[PDB]
Amino acid sequence: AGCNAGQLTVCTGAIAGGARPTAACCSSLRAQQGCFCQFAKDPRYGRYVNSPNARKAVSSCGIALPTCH
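Under mature numbering (1 follows the signal peptide of the UniProt record, and there is no 0), the sequence shown has 34 at position 34, and the numbering climbs by one with no breaks.
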């Protein structure tokens, strides 16, 4: 599943409704958005990703919520 439980952990502000310090992380994701395609497959994302804040703030870190949508 994904590759967020490693990268995203910092970028959790995004998926967690509060991407502030993660702005640099944004550009990081933009550099490795490829594995977030897996995240987008929602294998187990949807339990994580989606829950608590993604719901109302999936973000826009602008690296996209780099689901390979």
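Every residue, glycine too, gets a C-beta built ideally from N, C-alpha and C.
Out of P66, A57, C61, the CA that lies nearest to the CA of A23 is found in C61. Taken through DSSP and simplified to helix, strand or coil, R30 comes out as helix. The Cβ neighbour count for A31, taken over all protein chains shown within 10 Å, is under 16; the residue is labelled exposed. Excluding five sequence positions before and after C68, the CB atoms of its chain that fall closer than 7 Å to its own CB belong to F36, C37, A40, given in chain order.
Annotation for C11: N4, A19, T22, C25, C26, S28, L29, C61 place their beta carbon closer than 8 Å to its own, counting only its chain and skipping 5 residues before and after.
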